[PDB]
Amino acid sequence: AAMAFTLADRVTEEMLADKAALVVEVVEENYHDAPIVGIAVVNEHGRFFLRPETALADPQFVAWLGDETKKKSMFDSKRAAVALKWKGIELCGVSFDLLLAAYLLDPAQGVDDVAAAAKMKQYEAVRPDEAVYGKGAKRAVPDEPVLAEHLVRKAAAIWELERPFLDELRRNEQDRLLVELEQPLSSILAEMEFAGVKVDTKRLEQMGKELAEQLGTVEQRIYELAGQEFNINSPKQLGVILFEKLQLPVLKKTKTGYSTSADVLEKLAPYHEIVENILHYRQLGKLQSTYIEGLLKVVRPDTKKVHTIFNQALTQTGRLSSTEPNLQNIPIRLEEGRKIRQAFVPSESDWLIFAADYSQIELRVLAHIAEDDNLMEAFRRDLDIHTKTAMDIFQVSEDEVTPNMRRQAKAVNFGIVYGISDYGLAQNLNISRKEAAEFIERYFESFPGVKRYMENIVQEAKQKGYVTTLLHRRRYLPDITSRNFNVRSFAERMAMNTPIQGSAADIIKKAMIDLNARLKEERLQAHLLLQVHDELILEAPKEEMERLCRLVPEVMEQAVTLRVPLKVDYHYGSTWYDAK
């Protein structure tokens, strides 16, 4: 039976109560400068639906929206805040965000709409957004009556579910995680996305022309070596030229056919000159398609800025993710791809890009959590951790660590952090099997605390059903007891890795909150632009660099207090690329 509500023509006083569930609907996935198709309000006085044109043009409503003393409960408040920012309207007083609450309670549920969240508490008096709006081409805003009842039902669910969700968070000891970390963070992310990052489009296009030339030359040399033309971008067609026409050996197979991964090509290079050209083609093409063309495609012509969206409720570990464009995977490893960063510039004249990153936060966190004496001491001496690990597992002095030894010790360190389960590890060839086990065994001898942690965390995941991070974030691991080898293994690696990666996420998130509070106290113009897991990127007047050199590192290093110190390096320059 339909849900009762007032389809208002104008804003009334009872619509501006001091507490309410609010829905400011933005249907476009990318909410930047997007339309708000409708508004719904549910409070002690009743349920209302308001048309955006009138609601957002109503001085009293706009003031209510900006009154921090007028509390609102919402779902994905960042989406509303940003869409409103593009309209010059400030949203304040959001005391509860159902999306963030659901995420903290169980990130595995993949909650991405009110219906999904409500279903967690056996509430189903609301439809999933996809059912209302459709998907892909079919997607569209329905007629007012249908739209209005949907937004009212979503608001009604929020109104009803706030208490139950808050009580469970309290039980889980996640109440402060929501109110003091994720929600305040939501506001900061909104400012970051709204501000955007300036792009030197001319530079990007010039690189594009050059890549097109080199690419043209390479693809031609390839057809020459292959004795025919074909779609090099097709792993299937390329696999036919390589493993059939040229007779190259099949070292790796895929659940489809011939594997042509870079690592596989790396091994085939000695057999024929075409391989290197394929690799070169792959490198240039990746840059052209994803980082030149793909990027230019999302730059706003009027401002030359890109406004990413930081999904704060997706990763299973508590990390953020970035989309359209993804600004968390801009090239840096290879010098040629690194050039791309020269296109990311300050949004104003005489401003500079400032980047600060934690040094080995995962291993420092691991040292803290595992309480390993050897590992904690290593960091207390601020030692090169990879060289130190090499010395221990290979039993040699610092002077005896060769480049390959350090490289191998580094791979071991990533392995420990990713989770050494009883069903992977090896690929990088060279004996593997018994020896890989011997090195890991050597490692656990040098770091007994880490061994204890790995065993304990797995046992704890099985006993409690989940693992937790420093700030009480959790991840349920039901497969921890699966009788399927492979499936159980994944869960074990997750139990070992999540507290590490997740705690690192907790720390940088608090640092962001602490940092913004400091920047405001200091009256600095500097502001956050991006977060890339263990680093923060900002821009500010050149006059502020010196203060930032002392302020940012300090704030980030002091976000939390661990058994080992936290270390943050920093760089700044005229472009993202120069901030090295």
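Numbers follow the displayed sequence, beginning with 1.
Legend entry - Given 240 to 248 and 171 to 179, the range whose Cα B-factors average higher in the PDB entry: According to the PDB entry, the answer is 240 to 248.
Inset, instruction - Pick between 249 to 257 and 384 to 392: the one whose mean CA B-factor in the entry is higher. - result: Per the PDB entry, the higher value belongs to 249 to 257.
Legend entry - Candidate set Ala505, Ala140, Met74, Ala83 [ranked by C-alpha B-factor, highest]: Max CA B-factor in the entry, restricted to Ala505, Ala140, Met74, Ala83: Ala140.
Legend entry - Residue of maximum C-alpha B factor among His368, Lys305, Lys510, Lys267, per deposited coordinates: Out of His368, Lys305, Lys510, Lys267, the record gives the largest C-alpha B-factor to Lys267.
Inset, instruction - For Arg406, return the chain-relative third of its C-alpha B-factor as stated in the PDB record: lowest, middle or highest. - result: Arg406: CA B-factor falls in the middle third of its chain.
Inset, instruction - Report the third (lowest, middle or highest) to which the CA temperature factor of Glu543 belongs, ranking only the modelled residues of the same chain. - result: CA B-factor rank for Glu543: middle third.
Inset, instruction - Report the third (lowest, middle or highest) to which the CA temperature factor of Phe414 belongs, ranking only the modelled residues of the same chain. - result: It falls in the middle third of the chain.
Legend entry - Lowest, middle or highest third - CA B-factor, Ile274: Tercile = highest for this residue's CA B-factor.
Legend entry - Ranked against its chain, the third holding the CA B-factor of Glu193: Answer is lowest: the recorded C-alpha B-factor places it there.
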